Amino acid sequence: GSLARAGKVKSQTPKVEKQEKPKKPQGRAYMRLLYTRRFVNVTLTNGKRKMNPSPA
Amino acid sequence: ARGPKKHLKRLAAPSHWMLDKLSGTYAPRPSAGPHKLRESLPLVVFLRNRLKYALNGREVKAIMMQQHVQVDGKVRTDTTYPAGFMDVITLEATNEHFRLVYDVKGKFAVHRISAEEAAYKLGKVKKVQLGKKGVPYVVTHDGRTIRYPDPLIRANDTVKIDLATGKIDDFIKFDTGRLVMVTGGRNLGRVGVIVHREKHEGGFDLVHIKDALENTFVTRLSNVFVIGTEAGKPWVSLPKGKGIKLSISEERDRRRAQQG
Amino acid sequence: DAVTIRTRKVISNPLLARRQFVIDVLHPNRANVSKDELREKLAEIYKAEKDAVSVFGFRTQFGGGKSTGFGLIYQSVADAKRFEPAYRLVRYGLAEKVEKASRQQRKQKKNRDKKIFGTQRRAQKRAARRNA
Amino acid sequence: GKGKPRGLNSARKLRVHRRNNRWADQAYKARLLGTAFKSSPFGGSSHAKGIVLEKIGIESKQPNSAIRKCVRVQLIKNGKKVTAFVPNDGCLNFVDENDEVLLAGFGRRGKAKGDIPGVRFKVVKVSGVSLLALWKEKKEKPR
Amino acid sequence: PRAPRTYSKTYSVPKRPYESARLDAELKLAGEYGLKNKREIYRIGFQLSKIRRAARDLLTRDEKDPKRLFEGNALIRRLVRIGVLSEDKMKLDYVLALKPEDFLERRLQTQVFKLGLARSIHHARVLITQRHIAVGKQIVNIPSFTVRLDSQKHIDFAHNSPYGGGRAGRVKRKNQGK
RNA sequence: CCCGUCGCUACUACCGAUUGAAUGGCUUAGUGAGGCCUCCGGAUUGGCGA
RNA sequence: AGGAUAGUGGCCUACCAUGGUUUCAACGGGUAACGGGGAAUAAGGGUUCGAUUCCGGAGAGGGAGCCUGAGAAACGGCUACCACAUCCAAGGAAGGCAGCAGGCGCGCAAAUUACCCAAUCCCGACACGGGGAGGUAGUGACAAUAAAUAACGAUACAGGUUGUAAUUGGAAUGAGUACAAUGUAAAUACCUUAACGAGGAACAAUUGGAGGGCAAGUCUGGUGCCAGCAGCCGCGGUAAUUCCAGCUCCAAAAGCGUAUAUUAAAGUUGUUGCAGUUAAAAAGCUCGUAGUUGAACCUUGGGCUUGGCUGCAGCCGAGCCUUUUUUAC
Ligand SMILES: [Mg+2]
Ligand SMILES: [Mg+2]
Ligand SMILES: [Mg+2]
Ligand SMILES: [Mg+2]
Ligand SMILES: [Mg+2]
Ligand SMILES: [Mg+2]
Ligand SMILES: [Mg+2]
Ligand SMILES: [Mg+2]
Ligand SMILES: [Mg+2]
Ligand SMILES: [Mg+2]
Ligand SMILES: [Mg+2]
Ligand SMILES: [Mg+2]
Ligand SMILES: [Mg+2]
Ligand SMILES: [Mg+2]
Ligand SMILES: [Mg+2]
Ligand SMILES: [Mg+2]
Ligand SMILES: [Mg+2]
Ligand SMILES: [Mg+2]
Ligand SMILES: [Mg+2]
Ligand SMILES: [Mg+2]
Ligand SMILES: [Mg+2]
Ligand SMILES: [Mg+2]
Ligand SMILES: [Mg+2]
Ligand SMILES: [Mg+2]
Ligand SMILES: [Mg+2]
Ligand SMILES: [Mg+2]
Ligand SMILES: [Mg+2]
Ligand SMILES: [Mg+2]
Ligand SMILES: [Mg+2]
Ligand SMILES: [Mg+2]
Ligand SMILES: [Mg+2]
Ligand SMILES: [Mg+2]
Ligand SMILES: [Mg+2]
Ligand SMILES: [Mg+2]
Ligand SMILES: [Mg+2]
Ligand SMILES: [Mg+2]
């Protein structure tokens, strides 16, 4: 087979820079953040609990 | 391989020396001497690990090169001299006399004795036989050779060595009812009286010993050392504990009561 | 600031002509106490000569305020100079650090000297004769 | 009686029967025959270096349709020639003729992986630089 | 050479990495006790698993067995001493009934928070790590320090700590000194 | 649904004239260093010996 | 019977017999085989590993022969041959890192040509000398332990007396740097500790993933059976939950992934504990030696006294009276 198309999609993928965002806490602070986010202010939609709801 | 070993790895040293693992690669190799390597206690171990008079091997050599240490009434300057069972160590500068007797835990106790008792020692007769010119002699457990012994003395008997003249004061025949300390095996250090000697021609004779607390154990005759003519009458001072073995639960109870 | 010295496990050791003990130093508001100052304090406490006092092996506990080491007090300065290690006498100023070449140089000189039989003067005189 | 001896003195028969029958287990047979030592291209090693001979495109098997971009590598340790897959989008451009590549298996332990036919190795490093580092532009190829 | 020095692992990971019931239980327990990571839960589970294994081994022996009496009493005594086992449950059957929260109750971080020295469990951990807390007259900066019963009453601020009568810290000295 | 010749490509192993080739161990026979023992020998060197 | 040996012995010699081992596996071959203490994994039974901190053996390039000595068939001793290899004035001479460090080579694969006898011990004529044995530091993400990367208030909001989401404060601390003291043979580091040392506290945590197995998107852009992914099942042919990316989320975290081996999962090696009508597998059928395995049967019951331990019973031990050869376990 022809080898001329190697890296075609990655080469032609439009470059997008990573948006600058505040650092996330590390260690115990991060475990605390997940704990509150999942057991303190529960955001369940009456029995429907999703970690990563896509925007819709 | 081509000759005698001169080193002793720390892990391969006798466990009753109670040496620590991480202090070094080697352990004091006992010199040739009256007692076997596995059943001896080098003076470096006694003066540094037991008495803690010396802080290191340089210091134990400094102590002994000043002529302080005597074993069996004779000055020894060999830091790895193999002191053994019933041996008397004298440090007259500190005015201390020790005898190497096993405690019930299997180790050589730091057993201080009076000066009057430090003037003699006991030896188990290993063999009695005739020397040159038809002169009988006795070989004790510490390699001593005493000529012209009492003609009643036989093997497994105990003789009392004057330790200053090397002569025999008196002896104890090996027989039922004699006070005994065990010098080998898992019953090492226990003290009791002979109950019954069970003979095995071509094999090992076994001795049944009853403790002062009426506990009975069996040990090899080669591990049997007569130390007294009867119960409660030892010919040497016994170490603390009197050779009475306590179970671990009894020891825990005793420590609880002793410490509150 | 109120340095307190306690000695425990004291053993009188006439075999080495000294008394030996473990030293506990309570030094609140103080990083630790230097060996020179501990030797001075021990000399005052036990009325011994300072040069007969040796301290070593100190370590500060976790959190500070206390250190533990080991101390020796000899019956005399002569006894201390007789039984003390050289490096400790150099620490205390009772001895001078011996000056020698490095271990590599000493070994190299020994192996060079192993190649000569007889005196060096004879060996070099013969070498001079050969090269002259 | 279940077809095997049960007597108290039949330990020899039981031990020999098990020994005869473990040869039907290919893992045991391959371990004792030493096929990796004798037959495996790597000689039993986890990785192996070699020199890239040529860059070759291999058609994937059905129902997939693609060109898996591999290389022909001659191993330094024994001179054997193997085909090694070059993972990720465009890492073939990182591999040139007469380069020294470190190879490793696909994780199927001697079998081909996926739709790639007859290829049992992958490129881990090229010219002493990790292919992942080159792909992520963490490092550059020494040239 | 020198004799080898012993070392051992103090935890063990689960066999199934992804399990919602265990992940949720672990996260809930870490959030309750302000733990840094899951390994601090694995450590508790590991040492409780071997306490249970020892008790089970003794429980298969007959009652009044010398070994069962000696080692069972020692294990019970140790757990009562560290406060994990209650004084009215010294039977070696309640040892099997022990739970990891019993051990996490006895950590220094938990006891610091429960003694009112900290606002939260996460304040407790930073107080311990920052050398403010002393047990007896000794500073302890290890959060996993298991507090003994005789040590329970002696948990307090270090005497040379800013919160315990020492001088002002770096920030305050820099602020009031300007 | 499906089988087998035949045709293309690639890989693996096999047979095969070449009394093919290379590497290592053991060994017959032949030759055989050197030490040791033995046999004389007797530079020289002490008063018969070395 | 002798010789030889430190000594036994076909160890060797002379003579004489014809013996010795073997399906209970001799002999031969292979071992990517030094043995063991041990190691990994483990419900139990097992499977796999052990060059390597201790013990035993063996070797010092390959063989062989010796000297000295109590002790060596020694190699940091010698002699000779073989293979390598150094200097040479060409006549000759000198070698042995599977010691420490270092180099080349080999390879997937492994560190300083550093300091010291202070400790552990050893050797010597020895209180004193020596020891790359050993110790110390260097390199070192082999493994292992502990354990930072933030904590707390007020406003503002949302919220059901308090959990957060933001912009506003004052505290706390060690990473690092350093007087100093300690440590140490001397240092380094640790431990202590003046002064300095945090708001984006830029003093900025990573490695893999988000279809299922398997925890976490049917978000947006790019490509369009290409590029690629994918352990396996599969994804990709114009709204791709799977590729390339951004965002978000998930898992473990100073660690995380990949390859290979191995163990569990594997009752897919099955003694415990598999299967054999049809899924793989009962020999075409009988005989038969080793092996394995083999019916029942020989002092039972009764009586009396007594010791101990569990709460009158029960459980063990006894001692008398009743006619009273070889193993295996
Ligand atoms: Mg050796
Ligand atoms: Mg005999
Ligand atoms: Mg049977
Ligand atoms: Mg003979
Ligand atoms: Mg014969
Ligand atoms: Mg065989
Ligand atoms: Mg081998
Ligand atoms: Mg292993
Ligand atoms: Mg092995
Ligand atoms: Mg092995
Ligand atoms: Mg081994
Ligand atoms: Mg080992
Ligand atoms: Mg060895
Ligand atoms: Mg040898
Ligand atoms: Mg070598
Ligand atoms: Mg050679
Ligand atoms: Mg040698
Ligand atoms: Mg040799
Ligand atoms: Mg050498
Ligand atoms: Mg080397
Ligand atoms: Mg080597
Ligand atoms: Mg950081
Ligand atoms: Mg991915
Ligand atoms: Mg899911
Ligand atoms: Mg899209
Ligand atoms: Mg699209
Ligand atoms: Mg994505
Ligand atoms: Mg991967
Ligand atoms: Mg398995
Ligand atoms: Mg089956
Ligand atoms: Mg069929
Ligand atoms: Mg069938
Ligand atoms: Mg049939
Ligand atoms: Mg039949
Ligand atoms: Mg039978
Ligand atoms: Mg029968």
Side-chain angles (χ1 to χ4, degrees), chain A residues 5-10 12-14 16 18-19 22-23 25-27 29 36 40-41 51-56, chain B residues 2-4 6-12 23-29 56-57 61-62 65-66, chain C residues 30-35 58-62 64 67 85 87 103, chain D residues 5 7 9-10 12-14 18 21-22 24-25 28 34 37 42 44-49 64-67 76-77 88-90 102 104-109 113-114 118 124, chain E residues 1-4 7-10 17-20 23 36-38 119 122-123 126 129-132 142 144 162 169-172 175:
Chain A
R5 307 186 292 276
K8 162 180 167 303
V9 161
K10 192 190 172 47
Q12 65 183 177
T13 302
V16 176
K18 293 181 176 67
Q19 290 80 16
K23 71 170 182 185
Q26 306 285 332
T36 71
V40 175
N41 49 334
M51 294 296 173
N52 191 19
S54 67
Chain B
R2 296 172 46 214
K6 293 152 167 191
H7 290 70
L8 187 57
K9 297 272 181 64
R10 178 63 63 87
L11 279 191
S23 177
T25 289
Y26 303 102
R29 191 183 175 85
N56 61 7
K61 184 174 175 66
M65 283 302 319
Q66 309 173 71
Chain C
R30 216 172 192 294
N32 44 37
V33 193
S34 79
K35 293 185 287 185
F58 278 89
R59 179 157 184 86
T60 315
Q61 292 181 356
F62 186 84
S67 284
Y87 76 92
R103 203 148 174 282
Chain D
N9 294 343
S10 62
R12 173 177 287 111
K13 182 67 180 293
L14 292 173
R18 175 61 47 236
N21 281 270
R22 294 182 69 188
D25 186 332
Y28 169 87
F37 201 71
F42 278 14
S45 304
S46 53
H47 297 65
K49 278 177 197 175
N64 284 0
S65 175
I67 297 298
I76 297 168
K77 71 196 293 182
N88 294 327
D89 208 328
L102 177 74
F106 282 163
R108 289 206 73 204
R109 302 174 302 101
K113 154 185 165 308
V124 173
Chain E
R2 207 204 53 196
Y7 64 84
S8 66
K9 263 172 72 183
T10 63
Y18 312 117
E19 196 190 299
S20 292
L23 286 176
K36 170 176 181 184
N37 61 7
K38 301 297 186 71
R119 315 274 71 74
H122 304 269
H123 186 216
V126 297
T129 302
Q130 288 167 354
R131 319 184 73 188
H132 293 296
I142 304 306
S144 53
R170 186 181 70 190
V171 176
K172 177 167 285 185
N175 289 337

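In what follows, chains are A, B, ... by sequence order, proteins preceding strands, each numbered from 1.
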> North or south: where does the sugar of G/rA266 fall when you read the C1'-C2'-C3'-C4' torsion?
Replying inline: south
> The sugar of G/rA202: north or south, by the sign of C1'-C2'-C3'-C4'?
Replying inline: south
> Does the base of G/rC250 carry an N or O that pairs as donor and acceptor with the side chain of A/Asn52 under 3.5 Å?
Replying inline: no
> What is the nucleic acid contact for D/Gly7, judged by heavy atoms within less than 4.0 Å: base, sugar-phosphate only, or nothing?
Replying inline: sugar-phosphate
>> From C-beta outward on E/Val171, which listed nucleotide comes closest to its side chain: G/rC249, G/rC121, G/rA172?
In response: G/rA172
>> Tell me whether G/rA264 is paired to G/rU168 (Watson-Crick: purine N1 to pyrimidine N3 plus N6-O4 or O6-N4; or G-U wobble; cut-off 3.5 Å).
In response: no
> Which of the following nucleotides, G/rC108, G/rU182, G/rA150, is nearest to the side chain of C/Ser34?
Replying inline: G/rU182
> Starting at the 5' end of RNA chain G and moving along, which residue's nearest nucleotide shows up first, B/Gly3 or E/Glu19?
Replying inline: B/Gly3
> Closest nucleotide of RNA chain G for D/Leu14 versus for C/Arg30: which of these residues is on the 5' side?
Replying inline: C/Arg30
> Would you call G/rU164 and G/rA165 stacked when the test is ring centres under 5.5 Å and planes under 30°?
Replying inline: yes
> Looking only at N and O atoms, is any donor in the side chain of A/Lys8 or the base of G/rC226 less than 3.5 Å from an acceptor on the other one?
Replying inline: yes
> Backbone N or O of B/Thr25 within a donor-acceptor pair of the B/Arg10 side chain at under 3.5 Å?
Replying inline: no
>> Tell me the closest heavy-atom pair linking C/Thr60 and C/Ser67, and the distance in Å.
In response: OG1-OG, 3.0 Å
> Does G/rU188 pair with G/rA26 as Watson-Crick or G-U wobble, both distances under 3.5 angstrom?
Replying inline: no
>> The side chain of A/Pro25 is closest to which nucleotide in this list: G/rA227, G/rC54, G/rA150?
In response: G/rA150
>> Applying a 4.0 Å non-hydrogen cut-off, can you work out what B/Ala27 is touching in the nucleic acid: base, sugar-phosphate, or nothing?
In response: sugar-phosphate
> How would the sugar of G/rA198 be described, north or south, if a positive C1'-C2'-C3'-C4' means north and a negative one means south?
Replying inline: south
> Can you find an N or O donor on one side and an acceptor on the other, under 3.5 Å apart, linking the side chain of E/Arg170 with the base of G/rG197?
Replying inline: yes
>> Taking the minimum atom-to-atom distance to the side chain of D/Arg18, which one of G/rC54, G/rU269, G/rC247 wins?
In response: G/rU269
> Picking from G/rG163, G/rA127, G/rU292, which would you name as closest to the side chain of D/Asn9?
Replying inline: G/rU292
> Across the strands shown, which category fits D/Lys13 at heavy-atom distances under 4.0 angstrom: base, sugar-phosphate, nothing?
Replying inline: nothing
> Can G/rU161 and G/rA265 be counted as a Watson-Crick or G-U wobble pair, both distances below 3.5 Å?
Replying inline: no
> Which nucleotide in the set G/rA261, G/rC54, G/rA216 lies at the smallest distance from any side-chain heavy atom of D/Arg109?
Replying inline: G/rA261
> For the side chain of B/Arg29 and the base of G/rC122, is some donor closer than 3.5 Å to an acceptor across the two?
Replying inline: no
>> With the six-membered base ring of G/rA144 as reference, does the ring of E/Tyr7 sit under 5.5 Å away with planes under 30° apart?
In response: no
> How is the sugar of G/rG63 puckered by the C1'-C2'-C3'-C4' sign, north or south?
Replying inline: north
>> Classify C/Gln61 by what it touches in the nucleic acid, base, sugar-phosphate, or nothing, heavy-atom distance under 4.0 Å.
In response: sugar-phosphate
>> Nearest to the A/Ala56 side chain among G/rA148, G/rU173, G/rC219, which nucleotide is it?
In response: G/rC219
> Can you tell which of G/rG131, G/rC226, G/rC249 lies closest to the side chain of A/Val9?
Replying inline: G/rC226
> How would you label the contact of E/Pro17 with the nucleic acid (heavy atoms, under 4.0 Å): base, sugar-phosphate, or nothing?
Replying inline: nothing
>> So C/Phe58, base contact, sugar-phosphate only, or nothing? Heavy-atom distance under 4.0 Å.
In response: sugar-phosphate
> So is G/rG169 sitting in a Watson-Crick or G-U wobble pair with G/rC152, both distances under 3.5 Å?
Replying inline: yes
> Do G/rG200 and G/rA201 stack, judged by ring centres under 5.5 Å and ring planes under 30°?
Replying inline: no
> Using the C1'-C2'-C3'-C4' sign, is G/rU168 on the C3'-endo (north) or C2'-endo (south) side?
Replying inline: north
>> Applying a cutoff of 5.5 Å on centroid distance plus 30° on plane angle, are these adjacent nucleotides, G/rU268 and G/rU269, stacked?
In response: no
> Can C/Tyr87 be called stacked on G/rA185 when the rule is centres closer than 5.5 Å and an angle between planes below 30°?
Replying inline: no
>> As a test of reading the structure: which of G/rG246, G/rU184, G/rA230 is closest to the side chain of A/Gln19, going by heavy atoms?
In response: G/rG246
> G/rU206 with G/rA252: Watson-Crick or G-U wobble pair, both contacts under 3.5 Å?
Replying inline: yes
> Given the cut-offs of 5.5 Å for six-ring centres and 30° for planes, are G/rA194 and G/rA195 stacked?
Replying inline: yes
> E/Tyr18 side chain: which of G/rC214, G/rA32, G/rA230 is closest?
Replying inline: G/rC214
>> What contact category does C/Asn32 fall into here, base, sugar-phosphate, or nothing, at under 4.0 angstrom with non-hydrogen atoms?
In response: base
>> Just to be sure I understand the rule, does D/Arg108 reach a base, reach only the sugar-phosphate, or reach nothing, if contact means heavy atoms closer than 4.0 Å?
In response: sugar-phosphate
>> Classify D/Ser45 by what it touches in the nucleic acid, base, sugar-phosphate, or nothing, heavy-atom distance under 4.0 Å.
In response: base
>> Whether G/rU272 and G/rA165 form a base pair should be assessed as Watson-Crick or G-U wobble, both distances under 3.5 Å. Do they?
In response: no
> Using the glycosidic torsion, which applies to G/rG224: syn (within 90° of 0) or anti (everything else)?
Replying inline: anti
>> What I want to check is whether an N or O donor and acceptor connect the side chain of E/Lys36 with the base of G/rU149 at under 3.5 Å.
In response: yes
>> Under 4.0 Å, counting only non-hydrogen atoms across every strand here, what does B/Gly57 touch: a base, just sugar-phosphate, or nothing?
In response: sugar-phosphate
> Who is the Watson-Crick or G-U wobble partner of G/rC309, with both distances under 3.5 Å?
Replying inline: G/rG314
> If you look at every strand shown and take non-hydrogen atoms under 4.0 Å, does A/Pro22 touch a base, only sugar-phosphate, or nothing?
Replying inline: nothing
>> Regarding D/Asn88, tell me which of base, sugar-phosphate or nothing describes its non-hydrogen contacts under 4.0 Å with the strands shown.
In response: sugar-phosphate
> Is there a donor on the side chain of A/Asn41 or the base of G/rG159 sitting less than 3.5 Å from an acceptor on the other?
Replying inline: no
>> Check for me whether G/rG222 stacks on G/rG221 (ring centroids under 5.5 Å, interplanar angle under 30°).
In response: yes
> When we call it a touch if two heavy atoms are under 4.0 Å apart, what does D/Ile67 touch: a base, just sugar-phosphate, or nothing?
Replying inline: sugar-phosphate
> Base, sugar-phosphate, or nothing: which does C/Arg103 touch, judged by heavy atoms less than 4.0 Å apart?
Replying inline: base
> Is there a Watson-Crick or G-U wobble pair formed by G/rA166 and G/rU155, both distances less than 3.5 Å?
Replying inline: yes
> Does D/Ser65 get its side chain close enough to the base of G/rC225, under 3.5 Å, for a donor-acceptor pair?
Replying inline: no
